[PDB]
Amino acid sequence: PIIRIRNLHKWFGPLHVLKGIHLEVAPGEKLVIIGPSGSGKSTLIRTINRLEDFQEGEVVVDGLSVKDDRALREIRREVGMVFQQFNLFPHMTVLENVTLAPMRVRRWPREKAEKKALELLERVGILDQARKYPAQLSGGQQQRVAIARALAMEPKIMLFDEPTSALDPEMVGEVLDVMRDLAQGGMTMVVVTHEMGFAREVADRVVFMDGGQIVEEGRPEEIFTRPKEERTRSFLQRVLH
């Protein structure tokens, strides 16, 4: 599998936040992670691209240990991330924001970088904004720039940590649409979300976290209409309908 996590334990000071997670994600997999805030979802996906370390267990991405100091560069080349907050460079255009890393990191000539960026911007519906600055864009558009930027590095894995959670309600659908499109293809995707209709339509597999644990996982239909675990049923009665 392209992501391999065995017996992951993680402490923030005295707080046992991740409690022996096992997770094996296939190449091409669309994995959706759900669960109450505080359950440990962000922390878990942050261990994948080495934004968080941990004291017990193993985390291996594309056959490389995340704790291998010699991998902490290849890991960032092949793993993209979209956060709920956009961190665009305010004094660079949309286009410049997208081409920066492929130019800095992959040492792509600007003409190559821009050609790919432009195709990506069209892909996510914002080619018209190519020469705008981030402050002229809505929340929906800015997050789509962040997605284009992540994809511009051409990673094998895209992590989405609740990309729509901080957006105005009318901004959510357009960002989710970009993620629906990407899910039609072969990219490995891990997305944390509270958008359950989306989760249900896109996921190969849904993982429910509570208390720093994977309490239940399975196919979307099973998890949403036949949850085998009580805490799962309890979580779904609190948030659905």
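Numbers for residues come from their place in the sequence shown, where the first is 1.
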Averaging C-alpha B-factors over each stretch, which comes out higher, 170-178 or 60-68? 60-68
Which of 72-80 and 125-133 has higher mean CA B factor, as the PDB entry lists it: 72-80
Checking the record values for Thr43, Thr188, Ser39, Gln184, which has the greatest CA B factor? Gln184
Can you tell me whether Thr47 has a C-alpha B-factor in the lowest, middle or highest third compared with the other modelled residues of the same chain? middle
Is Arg144 in the lowest, middle or highest third of its chain when residues are ranked by C-alpha B-factor? lowest
Cα B factor band for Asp161 (lowest, middle or highest third within the chain): lowest
Relative to the other modelled residues of the same chain, rank the CA B-factor of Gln85 and answer lowest, middle or highest third. highest
Could you place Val192 in the lowest, middle or highest third of its chain by Cα temperature factor, using the values in the record? lowest
